[PDB]
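Heads up, query_27.pdb below (PDB, C-alpha atoms):
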```pdb
ATOM      1  CA  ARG J  49      72.233  76.972 121.820  1.00  0.00           C
ATOM      2  CA  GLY J  50      73.598  78.129 118.482  1.00  0.00           C
ATOM      3  CA  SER J  51      71.952  81.494 117.899  1.00  0.00           C
ATOM      4  CA  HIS J  52      72.170  82.437 114.243  1.00  0.00           C
ATOM      5  CA  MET J  53      70.026  85.572 114.339  1.00  0.00           C
ATOM      6  CA  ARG J  54      72.461  86.997 116.898  1.00  0.00           C
ATOM      7  CA  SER J  55      75.572  85.385 115.386  1.00  0.00           C
ATOM      8  CA  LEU J  56      75.896  87.944 112.583  1.00  0.00           C
ATOM      9  CA  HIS J  57      73.580  90.783 113.687  1.00  0.00           C
ATOM     10  CA  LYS J  58      74.085  92.697 110.408  1.00  0.00           C
ATOM     11  CA  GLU J  59      72.323  89.889 108.517  1.00  0.00           C
ATOM     12  CA  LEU J  60      69.051  90.345 110.363  1.00  0.00           C
ATOM     13  CA  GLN J  61      69.504  94.092 110.946  1.00  0.00           C
ATOM     14  CA  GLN J  62      69.690  94.378 107.163  1.00  0.00           C
ATOM     15  CA  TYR J  63      66.408  92.608 106.361  1.00  0.00           C
ATOM     16  CA  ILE J  64      64.478  94.375 109.176  1.00  0.00           C
ATOM     17  CA  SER J  65      64.817  97.768 107.498  1.00  0.00           C
ATOM     18  CA  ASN J  66      61.902  98.206 105.063  1.00  0.00           C
ATOM     19  CA  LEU J  67      59.555  97.008 107.836  1.00  0.00           C
ATOM     20  CA  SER J  68      59.026  98.543 111.276  1.00  0.00           C
ATOM     21  CA  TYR J  69      60.666  96.732 114.213  1.00  0.00           C
ATOM     22  CA  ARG J  70      57.500  97.299 116.282  1.00  0.00           C
ATOM     23  CA  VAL J  71      55.566  94.908 113.977  1.00  0.00           C
ATOM     24  CA  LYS J  72      52.204  95.768 115.533  1.00  0.00           C
ATOM     25  CA  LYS J  73      48.883  95.908 113.606  1.00  0.00           C
ATOM     26  CA  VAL J  74      50.945  96.518 110.401  1.00  0.00           C
ATOM     27  CA  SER J  75      48.763  99.562 109.711  1.00  0.00           C
ATOM     28  CA  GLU J  76      51.841 101.230 108.230  1.00  0.00           C
ATOM     29  CA  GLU J  77      51.700  99.354 104.907  1.00  0.00           C
ATOM     30  CA  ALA J  78      48.335  97.539 105.326  1.00  0.00           C
ATOM     31  CA  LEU J  79      47.631  93.810 105.075  1.00  0.00           C
ATOM     32  CA  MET J  80      46.127  93.166 101.660  1.00  0.00           C
ATOM     33  CA  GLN J  81      49.154  91.897  99.707  1.00  0.00           C
ATOM     34  CA  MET J  82      51.918  91.262 102.233  1.00  0.00           C
ATOM     35  CA  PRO J  83      52.444  88.300 104.687  1.00  0.00           C
ATOM     36  CA  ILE J  84      50.054  88.276 107.646  1.00  0.00           C
ATOM     37  CA  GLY J  85      52.616  86.657 109.939  1.00  0.00           C
ATOM     38  CA  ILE J  86      56.401  86.253 110.043  1.00  0.00           C
ATOM     39  CA  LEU J  87      58.636  83.898 112.071  1.00  0.00           C
ATOM     40  CA  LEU J  88      62.491  83.806 112.164  1.00  0.00           C
ATOM     41  CA  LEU J  89      64.629  81.325 114.164  1.00  0.00           C
ATOM     42  CA  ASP J  90      68.114  79.886 114.608  1.00  0.00           C
ATOM     43  CA  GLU J  91      69.612  76.772 113.030  1.00  0.00           C
ATOM     44  CA  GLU J  92      68.175  74.342 115.649  1.00  0.00           C
ATOM     45  CA  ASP J  93      64.448  75.227 116.233  1.00  0.00           C
ATOM     46  CA  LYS J  94      64.642  78.088 118.704  1.00  0.00           C
ATOM     47  CA  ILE J  95      62.564  81.055 117.505  1.00  0.00           C
ATOM     48  CA  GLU J  96      64.190  84.461 117.727  1.00  0.00           C
ATOM     49  CA  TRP J  97      62.052  87.130 116.117  1.00  0.00           C
ATOM     50  CA  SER J  98      58.487  87.030 114.914  1.00  0.00           C
ATOM     51  CA  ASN J  99      55.819  89.428 113.715  1.00  0.00           C
ATOM     52  CA  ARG J 100      53.019  89.537 116.323  1.00  0.00           C
ATOM     53  CA  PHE J 101      50.269  89.450 113.692  1.00  0.00           C
ATOM     54  CA  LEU J 102      50.880  85.695 113.243  1.00  0.00           C
ATOM     55  CA  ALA J 103      50.328  84.780 116.900  1.00  0.00           C
ATOM     56  CA  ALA J 104      47.103  86.749 117.134  1.00  0.00           C
ATOM     57  CA  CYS J 105      45.872  85.037 113.974  1.00  0.00           C
ATOM     58  CA  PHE J 106      46.897  81.666 115.452  1.00  0.00           C
ATOM     59  CA  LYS J 107      45.144  82.047 118.836  1.00  0.00           C
ATOM     60  CA  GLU J 108      48.264  82.023 120.996  1.00  0.00           C
ATOM     61  CA  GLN J 109      49.431  83.985 124.040  1.00  0.00           C
ATOM     62  CA  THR J 110      53.124  83.751 123.267  1.00  0.00           C
ATOM     63  CA  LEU J 111      54.767  82.087 120.275  1.00  0.00           C
ATOM     64  CA  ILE J 112      58.309  82.945 121.281  1.00  0.00           C
ATOM     65  CA  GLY J 113      60.193  80.357 123.291  1.00  0.00           C
ATOM     66  CA  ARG J 114      57.645  77.785 122.143  1.00  0.00           C
ATOM     67  CA  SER J 115      60.286  75.951 120.084  1.00  0.00           C
ATOM     68  CA  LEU J 116      59.217  74.624 116.691  1.00  0.00           C
ATOM     69  CA  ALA J 117      57.839  71.157 117.462  1.00  0.00           C
ATOM     70  CA  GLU J 118      55.382  72.583 119.982  1.00  0.00           C
ATOM     71  CA  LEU J 119      53.926  74.969 117.425  1.00  0.00           C
ATOM     72  CA  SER J 120      53.631  72.399 114.659  1.00  0.00           C
ATOM     73  CA  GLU J 121      54.466  68.704 114.288  1.00  0.00           C
ATOM     74  CA  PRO J 122      54.592  68.363 110.419  1.00  0.00           C
ATOM     75  CA  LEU J 123      57.237  71.066 109.998  1.00  0.00           C
ATOM     76  CA  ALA J 124      58.974  69.870 113.167  1.00  0.00           C
ATOM     77  CA  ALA J 125      60.774  67.150 111.218  1.00  0.00           C
ATOM     78  CA  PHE J 126      61.354  69.542 108.320  1.00  0.00           C
ATOM     79  CA  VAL J 127      63.230  72.044 110.529  1.00  0.00           C
ATOM     80  CA  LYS J 128      65.327  69.154 111.748  1.00  0.00           C
ATOM     81  CA  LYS J 129      66.176  68.060 108.179  1.00  0.00           C
ATOM     82  CA  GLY J 130      66.432  71.098 105.890  1.00  0.00           C
ATOM     83  CA  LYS J 131      66.380  68.809 102.802  1.00  0.00           C
ATOM     84  CA  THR J 132      63.909  70.941 100.838  1.00  0.00           C
ATOM     85  CA  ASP J 133      63.169  74.573  99.881  1.00  0.00           C
ATOM     86  CA  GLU J 134      59.639  75.712 100.730  1.00  0.00           C
ATOM     87  CA  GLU J 135      56.313  74.213 101.735  1.00  0.00           C
ATOM     88  CA  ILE J 136      52.796  75.571 102.386  1.00  0.00           C
ATOM     89  CA  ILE J 137      50.560  73.690 104.805  1.00  0.00           C
ATOM     90  CA  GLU J 138      47.319  74.999 106.287  1.00  0.00           C
ATOM     91  CA  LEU J 139      46.499  76.133 109.799  1.00  0.00           C
ATOM     92  CA  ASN J 140      43.594  78.117 111.236  1.00  0.00           C
ATOM     93  CA  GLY J 141      42.306  78.456 107.676  1.00  0.00           C
ATOM     94  CA  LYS J 142      45.390  80.237 106.398  1.00  0.00           C
ATOM     95  CA  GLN J 143      48.342  78.627 104.632  1.00  0.00           C
ATOM     96  CA  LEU J 144      51.583  78.201 106.552  1.00  0.00           C
ATOM     97  CA  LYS J 145      54.518  79.002 104.321  1.00  0.00           C
ATOM     98  CA  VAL J 146      57.932  77.709 105.263  1.00  0.00           C
ATOM     99  CA  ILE J 147      61.216  78.530 103.503  1.00  0.00           C
ATOM    100  CA  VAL J 148      64.847  77.438 103.924  1.00  0.00           C
ATOM    101  CA  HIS J 149      67.967  77.625 101.760  1.00  0.00           C
ATOM    102  CA  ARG J 150      71.585  76.471 101.850  1.00  0.00           C
ATOM    103  CA  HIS J 151      73.133  78.031 104.968  1.00  0.00           C
ATOM    104  CA  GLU J 152      69.477  78.367 106.321  1.00  0.00           C
ATOM    105  CA  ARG J 153      70.474  81.871 107.606  1.00  0.00           C
ATOM    106  CA  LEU J 154      67.393  83.319 105.838  1.00  0.00           C
ATOM    107  CA  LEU J 155      65.078  80.501 106.922  1.00  0.00           C
ATOM    108  CA  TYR J 156      61.588  81.767 107.842  1.00  0.00           C
ATOM    109  CA  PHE J 157      57.886  80.893 107.960  1.00  0.00           C
ATOM    110  CA  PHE J 158      54.961  83.121 106.946  1.00  0.00           C
ATOM    111  CA  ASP J 159      51.162  82.840 107.028  1.00  0.00           C
ATOM    112  CA  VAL J 160      48.909  83.002 103.955  1.00  0.00           C
ATOM    113  CA  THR J 161      45.216  83.713 104.781  1.00  0.00           C
TER
ATOM    114  CA  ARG H  49      49.475  98.063  80.417  1.00  0.00           C
ATOM    115  CA  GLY H  50      48.567  98.582  84.059  1.00  0.00           C
ATOM    116  CA  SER H  51      51.967  98.806  85.704  1.00  0.00           C
ATOM    117  CA  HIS H  52      51.385  97.921  89.351  1.00  0.00           C
ATOM    118  CA  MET H  53      55.055  98.216  90.214  1.00  0.00           C
ATOM    119  CA  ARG H  54      54.949 101.826  88.991  1.00  0.00           C
ATOM    120  CA  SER H  55      51.387 102.469  90.139  1.00  0.00           C
ATOM    121  CA  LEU H  56      52.364 102.999  93.782  1.00  0.00           C
ATOM    122  CA  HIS H  57      56.146 103.596  93.670  1.00  0.00           C
ATOM    123  CA  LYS H  58      56.468 103.591  97.499  1.00  0.00           C
ATOM    124  CA  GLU H  59      55.396  99.927  97.554  1.00  0.00           C
ATOM    125  CA  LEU H  60      58.387  98.796  95.498  1.00  0.00           C
ATOM    126  CA  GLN H  61      60.684 101.584  96.775  1.00  0.00           C
ATOM    127  CA  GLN H  62      60.097 100.255 100.296  1.00  0.00           C
ATOM    128  CA  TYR H  63      61.124  96.652  99.593  1.00  0.00           C
ATOM    129  CA  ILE H  64      64.170  97.752  97.519  1.00  0.00           C
ATOM    130  CA  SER H  65      66.023  99.170 100.523  1.00  0.00           C
ATOM    131  CA  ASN H  66      67.915  96.371 102.305  1.00  0.00           C
ATOM    132  CA  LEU H  67      69.257  95.295  98.898  1.00  0.00           C
ATOM    133  CA  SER H  68      71.313  97.342  96.460  1.00  0.00           C
ATOM    134  CA  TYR H  69      69.502  98.588  93.351  1.00  0.00           C
ATOM    135  CA  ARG H  70      72.621  97.620  91.394  1.00  0.00           C
ATOM    136  CA  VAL H  71      71.816  93.896  91.914  1.00  0.00           C
ATOM    137  CA  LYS H  72      75.022  92.831  90.162  1.00  0.00           C
ATOM    138  CA  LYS H  73      77.033  89.795  91.364  1.00  0.00           C
ATOM    139  CA  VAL H  74      75.429  90.156  94.851  1.00  0.00           C
ATOM    140  CA  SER H  75      78.954  90.205  96.300  1.00  0.00           C
ATOM    141  CA  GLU H  76      77.567  92.514  98.983  1.00  0.00           C
ATOM    142  CA  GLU H  77      75.976  89.722 101.039  1.00  0.00           C
ATOM    143  CA  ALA H  78      77.061  86.664  98.977  1.00  0.00           C
ATOM    144  CA  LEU H  79      74.915  83.817  97.637  1.00  0.00           C
ATOM    145  CA  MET H  80      74.995  81.058 100.230  1.00  0.00           C
ATOM    146  CA  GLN H  81      71.643  81.479 102.003  1.00  0.00           C
ATOM    147  CA  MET H  82      69.700  84.119 100.074  1.00  0.00           C
ATOM    148  CA  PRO H  83      67.758  83.925  96.716  1.00  0.00           C
ATOM    149  CA  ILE H  84      69.885  83.454  93.578  1.00  0.00           C
ATOM    150  CA  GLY H  85      67.348  85.151  91.291  1.00  0.00           C
ATOM    151  CA  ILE H  86      64.581  87.729  91.842  1.00  0.00           C
ATOM    152  CA  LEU H  87      61.714  88.703  89.488  1.00  0.00           C
ATOM    153  CA  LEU H  88      58.871  91.256  89.955  1.00  0.00           C
ATOM    154  CA  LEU H  89      56.085  92.146  87.500  1.00  0.00           C
ATOM    155  CA  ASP H  90      52.692  93.847  87.197  1.00  0.00           C
ATOM    156  CA  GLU H  91      49.218  92.340  87.473  1.00  0.00           C
ATOM    157  CA  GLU H  92      49.129  91.085  83.822  1.00  0.00           C
ATOM    158  CA  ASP H  93      52.448  89.302  82.947  1.00  0.00           C
ATOM    159  CA  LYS H  94      54.748  92.189  82.137  1.00  0.00           C
ATOM    160  CA  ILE H  95      57.958  92.016  84.171  1.00  0.00           C
ATOM    161  CA  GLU H  96      59.103  95.267  85.675  1.00  0.00           C
ATOM    162  CA  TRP H  97      62.175  94.625  87.817  1.00  0.00           C
ATOM    163  CA  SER H  98      64.407  91.604  88.223  1.00  0.00           C
ATOM    164  CA  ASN H  99      67.768  90.745  89.728  1.00  0.00           C
ATOM    165  CA  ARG H 100      70.246  90.005  86.905  1.00  0.00           C
ATOM    166  CA  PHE H 101      71.611  86.985  88.774  1.00  0.00           C
ATOM    167  CA  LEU H 102      68.573  84.943  87.680  1.00  0.00           C
ATOM    168  CA  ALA H 103      68.997  85.521  83.935  1.00  0.00           C
ATOM    169  CA  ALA H 104      72.693  84.606  84.041  1.00  0.00           C
ATOM    170  CA  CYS H 105      71.864  81.375  85.868  1.00  0.00           C
ATOM    171  CA  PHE H 106      69.161  80.714  83.269  1.00  0.00           C
ATOM    172  CA  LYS H 107      71.294  81.160  80.103  1.00  0.00           C
ATOM    173  CA  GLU H 108      69.475  84.237  78.878  1.00  0.00           C
ATOM    174  CA  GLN H 109      70.508  87.501  77.244  1.00  0.00           C
ATOM    175  CA  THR H 110      67.610  89.598  78.442  1.00  0.00           C
ATOM    176  CA  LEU H 111      64.683  88.541  80.609  1.00  0.00           C
ATOM    177  CA  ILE H 112      63.099  91.965  80.803  1.00  0.00           C
ATOM    178  CA  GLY H 113      60.398  92.404  78.197  1.00  0.00           C
ATOM    179  CA  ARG H 114      60.129  88.659  77.661  1.00  0.00           C
ATOM    180  CA  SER H 115      56.637  88.575  79.209  1.00  0.00           C
ATOM    181  CA  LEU H 116      55.802  85.631  81.457  1.00  0.00           C
ATOM    182  CA  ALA H 117      54.676  82.930  78.997  1.00  0.00           C
ATOM    183  CA  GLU H 118      57.827  83.182  76.883  1.00  0.00           C
ATOM    184  CA  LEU H 119      59.997  82.413  79.918  1.00  0.00           C
ATOM    185  CA  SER H 120      57.956  79.495  81.255  1.00  0.00           C
ATOM    186  CA  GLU H 121      54.721  77.822  80.093  1.00  0.00           C
ATOM    187  CA  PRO H 122      53.610  76.079  83.386  1.00  0.00           C
ATOM    188  CA  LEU H 123      53.582  79.271  85.443  1.00  0.00           C
ATOM    189  CA  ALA H 124      52.181  81.247  82.485  1.00  0.00           C
ATOM    190  CA  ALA H 125      48.686  79.992  83.266  1.00  0.00           C
ATOM    191  CA  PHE H 126      49.385  80.547  86.948  1.00  0.00           C
ATOM    192  CA  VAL H 127      50.193  84.266  86.529  1.00  0.00           C
ATOM    193  CA  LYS H 128      46.905  84.588  84.722  1.00  0.00           C
ATOM    194  CA  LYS H 129      44.957  82.849  87.501  1.00  0.00           C
ATOM    195  CA  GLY H 130      46.358  83.810  90.895  1.00  0.00           C
ATOM    196  CA  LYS H 131      44.308  81.086  92.665  1.00  0.00           C
ATOM    197  CA  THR H 132      47.116  79.895  94.927  1.00  0.00           C
ATOM    198  CA  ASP H 133      49.982  81.129  97.122  1.00  0.00           C
ATOM    199  CA  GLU H 134      53.378  79.687  96.178  1.00  0.00           C
ATOM    200  CA  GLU H 135      54.843  76.895  94.065  1.00  0.00           C
ATOM    201  CA  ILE H 136      58.368  75.535  93.394  1.00  0.00           C
ATOM    202  CA  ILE H 137      59.062  73.936  90.006  1.00  0.00           C
ATOM    203  CA  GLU H 138      62.514  73.104  88.622  1.00  0.00           C
ATOM    204  CA  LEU H 139      64.494  74.805  85.845  1.00  0.00           C
ATOM    205  CA  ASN H 140      68.188  74.899  84.847  1.00  0.00           C
ATOM    206  CA  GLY H 141      68.850  72.545  87.753  1.00  0.00           C
ATOM    207  CA  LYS H 142      67.494  74.934  90.384  1.00  0.00           C
ATOM    208  CA  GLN H 143      64.021  75.182  91.868  1.00  0.00           C
ATOM    209  CA  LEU H 144      61.797  77.995  90.573  1.00  0.00           C
ATOM    210  CA  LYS H 145      59.842  79.579  93.384  1.00  0.00           C
ATOM    211  CA  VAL H 146      56.720  81.578  92.640  1.00  0.00           C
ATOM    212  CA  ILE H 147      54.712  83.599  95.196  1.00  0.00           C
ATOM    213  CA  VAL H 148      51.443  85.572  94.981  1.00  0.00           C
ATOM    214  CA  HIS H 149      48.915  86.838  97.520  1.00  0.00           C
ATOM    215  CA  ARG H 150      45.659  88.768  97.523  1.00  0.00           C
ATOM    216  CA  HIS H 151      46.275  92.114  95.777  1.00  0.00           C
ATOM    217  CA  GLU H 152      49.393  90.367  94.230  1.00  0.00           C
ATOM    218  CA  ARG H 153      51.299  93.720  94.505  1.00  0.00           C
ATOM    219  CA  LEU H 154      54.173  91.772  96.136  1.00  0.00           C
ATOM    220  CA  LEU H 155      53.967  88.907  93.633  1.00  0.00           C
ATOM    221  CA  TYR H 156      57.462  87.602  92.801  1.00  0.00           C
ATOM    222  CA  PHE H 157      59.438  84.600  91.589  1.00  0.00           C
ATOM    223  CA  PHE H 158      62.785  83.437  93.015  1.00  0.00           C
ATOM    224  CA  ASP H 159      65.297  80.775  91.956  1.00  0.00           C
ATOM    225  CA  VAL H 160      66.465  78.040  94.347  1.00  0.00           C
ATOM    226  CA  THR H 161      69.735  76.309  93.283  1.00  0.00           C
TER
END
```

What would you get if you wrote out this structure as structure tokens?
Amino acid sequence: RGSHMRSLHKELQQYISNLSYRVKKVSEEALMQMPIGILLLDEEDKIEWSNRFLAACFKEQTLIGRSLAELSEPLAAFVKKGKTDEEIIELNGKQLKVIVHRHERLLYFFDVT
Amino acid sequence: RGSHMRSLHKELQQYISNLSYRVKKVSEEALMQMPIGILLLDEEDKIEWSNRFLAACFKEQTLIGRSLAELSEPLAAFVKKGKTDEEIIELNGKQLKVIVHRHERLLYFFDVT
């Protein structure tokens, strides 16, 4: 209900500069040092933008609109609490990195093969 | 000796877009959701670029040229091993976030008040 990604616009439009908005195959900068998957949501658990690479590497058909709890149960409570900074669990053999701050405006989760 | 940050140029020049190279006071986007301190080094323990904000919040005069071990002992062994992804310790009252990958070209440490 409370879209954060689309509540400021500039905030997200700022971060999504250095990287291509297409986020497909990431052949532009290669994948040997940078995150293999990126996920960005609102302040409730509704995903907004995500780098395709993660889904493919997770064996999914569509990760968007799949809420947070559906994707993972351990971090489901975490996204509903925000009383921490970062955490790295493991899924599909790769680590699942989660990160949140104060105003969790920059809250995101990445994958770590 | 082997400056990774200056070995590619484009690699670092790409990431340093969204944010101002000035990195002073961060009044541009504020500090209520984003990292309070940024640090980037080579593949040995020689720091190359860092956001001033971290030093100030650490009670330092100059962090650049202070190697890795001089700043912190726990992560000193870590920077020389690279057998992990991320870790968050605590220093000066804020969490100290460290992150490394494969080719640790994007290896960096952030502070988490």

Selection: 10 Å around residue J:97, all atoms listed in the file, excl. self and same-chain fewer than 5 positions, as an MDAnalysis selection string:
chainID J and resid 53 60 69 86:90 111:112 156

For stretch 122-133 of chain J, find every residue with an atom within 12 Å (counting all atoms listed in the file), except residues of its own chain fewer than 5 positions away, and show them as a ChimeraX atom specification.
/J:88-95,115-117,138-139,144-157 /H:81-83,134-138,142-146,158-161

Dump as a PDB file, in the frame of the given file, selection limited to C-alpha atoms:
```pdb
ATOM      1  CA  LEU J  88      62.491  83.806 112.164  1.00  0.00           C
ATOM      2  CA  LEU J  89      64.629  81.325 114.164  1.00  0.00           C
ATOM      3  CA  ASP J  90      68.114  79.886 114.608  1.00  0.00           C
ATOM      4  CA  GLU J  91      69.612  76.772 113.030  1.00  0.00           C
ATOM      5  CA  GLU J  92      68.175  74.342 115.649  1.00  0.00           C
ATOM      6  CA  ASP J  93      64.448  75.227 116.233  1.00  0.00           C
ATOM      7  CA  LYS J  94      64.642  78.088 118.704  1.00  0.00           C
ATOM      8  CA  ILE J  95      62.564  81.055 117.505  1.00  0.00           C
ATOM      9  CA  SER J 115      60.286  75.951 120.084  1.00  0.00           C
ATOM     10  CA  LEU J 116      59.217  74.624 116.691  1.00  0.00           C
ATOM     11  CA  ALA J 117      57.839  71.157 117.462  1.00  0.00           C
ATOM     12  CA  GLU J 138      47.319  74.999 106.287  1.00  0.00           C
ATOM     13  CA  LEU J 139      46.499  76.133 109.799  1.00  0.00           C
ATOM     14  CA  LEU J 144      51.583  78.201 106.552  1.00  0.00           C
ATOM     15  CA  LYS J 145      54.518  79.002 104.321  1.00  0.00           C
ATOM     16  CA  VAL J 146      57.932  77.709 105.263  1.00  0.00           C
ATOM     17  CA  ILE J 147      61.216  78.530 103.503  1.00  0.00           C
ATOM     18  CA  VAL J 148      64.847  77.438 103.924  1.00  0.00           C
ATOM     19  CA  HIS J 149      67.967  77.625 101.760  1.00  0.00           C
ATOM     20  CA  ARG J 150      71.585  76.471 101.850  1.00  0.00           C
ATOM     21  CA  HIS J 151      73.133  78.031 104.968  1.00  0.00           C
ATOM     22  CA  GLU J 152      69.477  78.367 106.321  1.00  0.00           C
ATOM     23  CA  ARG J 153      70.474  81.871 107.606  1.00  0.00           C
ATOM     24  CA  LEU J 154      67.393  83.319 105.838  1.00  0.00           C
ATOM     25  CA  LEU J 155      65.078  80.501 106.922  1.00  0.00           C
ATOM     26  CA  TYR J 156      61.588  81.767 107.842  1.00  0.00           C
ATOM     27  CA  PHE J 157      57.886  80.893 107.960  1.00  0.00           C
TER      28      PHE J 157
ATOM     29  CA  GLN H  81      71.643  81.479 102.003  1.00  0.00           C
ATOM     30  CA  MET H  82      69.700  84.119 100.074  1.00  0.00           C
ATOM     31  CA  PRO H  83      67.758  83.925  96.716  1.00  0.00           C
ATOM     32  CA  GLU H 134      53.378  79.687  96.178  1.00  0.00           C
ATOM     33  CA  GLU H 135      54.843  76.895  94.065  1.00  0.00           C
ATOM     34  CA  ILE H 136      58.368  75.535  93.394  1.00  0.00           C
ATOM     35  CA  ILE H 137      59.062  73.936  90.006  1.00  0.00           C
ATOM     36  CA  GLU H 138      62.514  73.104  88.622  1.00  0.00           C
ATOM     37  CA  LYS H 142      67.494  74.934  90.384  1.00  0.00           C
ATOM     38  CA  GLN H 143      64.021  75.182  91.868  1.00  0.00           C
ATOM     39  CA  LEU H 144      61.797  77.995  90.573  1.00  0.00           C
ATOM     40  CA  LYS H 145      59.842  79.579  93.384  1.00  0.00           C
ATOM     41  CA  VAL H 146      56.720  81.578  92.640  1.00  0.00           C
ATOM     42  CA  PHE H 158      62.785  83.437  93.015  1.00  0.00           C
ATOM     43  CA  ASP H 159      65.297  80.775  91.956  1.00  0.00           C
ATOM     44  CA  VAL H 160      66.465  78.040  94.347  1.00  0.00           C
ATOM     45  CA  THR H 161      69.735  76.309  93.283  1.00  0.00           C
TER      46      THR H 161
END
```

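Atom CA of residue J:61 to atom CA of residue H:66 spans 9.1 Å [interatomic distance, one decimal].
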
For atom CA of residue H:63 and atom CA of residue H:113, the interatomic separation in Å (one decimal)
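Computing the Euclidean distance for atom CA of residue H:63 and atom CA of residue H:113 yields 21.8 Å.
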
Mind pulling up the distance from atom CA of residue H:54 to atom CA of residue J:59?
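Atom CA of residue H:54 lies at a distance of 28.7 Å from atom CA of residue J:59.
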
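Residue nearest chain H within the list J:80, J:68, J:101, J:57: J:80 [criterion: smallest interatomic distance, only C-alpha atoms].
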
Starting from the PyMOL selection byres ((chain H and resi 71) around 10), expand the selection into actual residues of this file and give them as a PyMOL selection string.
chain H and resi 67-70+72-76+85-86+98-101

For the residues in the current selection, export C-alpha atoms as a short mmCIF file (atom, residue, chain, number, x, y, z; two decimals), keeping the file's coordinate frame.
```cif
data_model
loop_
_atom_site.label_atom_id
_atom_site.label_comp_id
_atom_site.auth_asym_id
_atom_site.auth_seq_id
_atom_site.Cartn_x
_atom_site.Cartn_y
_atom_site.Cartn_z
CA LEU H 67 69.26 95.30 98.90
CA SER H 68 71.31 97.34 96.46
CA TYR H 69 69.50 98.59 93.35
CA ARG H 70 72.62 97.62 91.39
CA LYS H 72 75.02 92.83 90.16
CA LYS H 73 77.03 89.80 91.36
CA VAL H 74 75.43 90.16 94.85
CA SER H 75 78.95 90.20 96.30
CA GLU H 76 77.57 92.51 98.98
CA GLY H 85 67.35 85.15 91.29
CA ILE H 86 64.58 87.73 91.84
CA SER H 98 64.41 91.60 88.22
CA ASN H 99 67.77 90.74 89.73
CA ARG H 100 70.25 90.00 86.90
CA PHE H 101 71.61 86.98 88.77
#
```

Write a file for stretch 64-112 of chain J, containing C-alpha atoms (output as a PDB file, in the first residue's frame).
```
ATOM      1  CA  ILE J  64      19.912   3.092 -10.807  1.00  0.00           C
ATOM      2  CA  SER J  65      22.420   5.157 -12.781  1.00  0.00           C
ATOM      3  CA  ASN J  66      25.762   3.300 -12.799  1.00  0.00           C
ATOM      4  CA  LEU J  67      23.858   0.115 -13.730  1.00  0.00           C
ATOM      5  CA  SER J  68      21.662  -0.490 -16.776  1.00  0.00           C
ATOM      6  CA  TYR J  69      17.888  -0.435 -16.185  1.00  0.00           C
ATOM      7  CA  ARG J  70      17.521  -3.464 -18.491  1.00  0.00           C
ATOM      8  CA  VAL J  71      19.378  -5.641 -15.926  1.00  0.00           C
ATOM      9  CA  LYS J  72      19.628  -8.609 -18.292  1.00  0.00           C
ATOM     10  CA  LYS J  73      22.585 -11.059 -18.408  1.00  0.00           C
ATOM     11  CA  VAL J  74      24.758  -8.272 -16.859  1.00  0.00           C
ATOM     12  CA  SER J  75      27.253  -8.800 -19.687  1.00  0.00           C
ATOM     13  CA  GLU J  76      27.942  -5.064 -19.558  1.00  0.00           C
ATOM     14  CA  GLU J  77      30.172  -5.219 -16.462  1.00  0.00           C
ATOM     15  CA  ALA J  78      30.448  -9.031 -16.047  1.00  0.00           C
ATOM     16  CA  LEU J  79      29.609 -11.127 -12.986  1.00  0.00           C
ATOM     17  CA  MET J  80      32.871 -11.961 -11.252  1.00  0.00           C
ATOM     18  CA  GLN J  81      32.942  -9.369  -8.448  1.00  0.00           C
ATOM     19  CA  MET J  82      29.510  -7.747  -8.347  1.00  0.00           C
ATOM     20  CA  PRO J  83      26.164  -9.043  -6.866  1.00  0.00           C
ATOM     21  CA  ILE J  84      24.533 -11.826  -8.882  1.00  0.00           C
ATOM     22  CA  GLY J  85      21.027 -10.734  -7.900  1.00  0.00           C
ATOM     23  CA  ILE J  86      19.359  -7.576  -6.581  1.00  0.00           C
ATOM     24  CA  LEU J  87      15.944  -7.015  -4.945  1.00  0.00           C
ATOM     25  CA  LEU J  88      14.370  -3.664  -3.864  1.00  0.00           C
ATOM     26  CA  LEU J  89      10.970  -3.236  -2.135  1.00  0.00           C
ATOM     27  CA  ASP J  90       8.759  -0.842  -0.187  1.00  0.00           C
ATOM     28  CA  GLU J  91       8.436  -0.443   3.576  1.00  0.00           C
ATOM     29  CA  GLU J  92       5.883  -3.293   4.001  1.00  0.00           C
ATOM     30  CA  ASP J  93       7.111  -6.357   1.971  1.00  0.00           C
ATOM     31  CA  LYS J  94       5.938  -5.563  -1.539  1.00  0.00           C
ATOM     32  CA  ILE J  95       8.802  -5.917  -4.036  1.00  0.00           C
ATOM     33  CA  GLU J  96       9.202  -3.132  -6.560  1.00  0.00           C
ATOM     34  CA  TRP J  97      12.334  -3.570  -8.630  1.00  0.00           C
ATOM     35  CA  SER J  98      14.679  -6.497  -8.951  1.00  0.00           C
ATOM     36  CA  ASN J  99      17.566  -7.606 -11.129  1.00  0.00           C
ATOM     37  CA  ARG J 100      16.437 -10.619 -13.204  1.00  0.00           C
ATOM     38  CA  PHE J 101      19.699 -12.500 -12.644  1.00  0.00           C
ATOM     39  CA  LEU J 102      18.521 -13.399  -9.111  1.00  0.00           C
ATOM     40  CA  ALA J 103      15.280 -15.077 -10.207  1.00  0.00           C
ATOM     41  CA  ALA J 104      17.001 -17.175 -12.847  1.00  0.00           C
ATOM     42  CA  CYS J 105      19.563 -18.262 -10.261  1.00  0.00           C
ATOM     43  CA  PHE J 106      16.716 -19.066  -7.842  1.00  0.00           C
ATOM     44  CA  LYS J 107      14.624 -21.215 -10.225  1.00  0.00           C
ATOM     45  CA  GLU J 108      11.585 -18.946 -10.370  1.00  0.00           C
ATOM     46  CA  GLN J 109       9.236 -17.787 -13.129  1.00  0.00           C
ATOM     47  CA  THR J 110       8.412 -14.445 -11.567  1.00  0.00           C
ATOM     48  CA  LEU J 111       9.758 -13.007  -8.319  1.00  0.00           C
ATOM     49  CA  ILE J 112       7.858  -9.747  -8.550  1.00  0.00           C
TER      50      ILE J 112
END
```
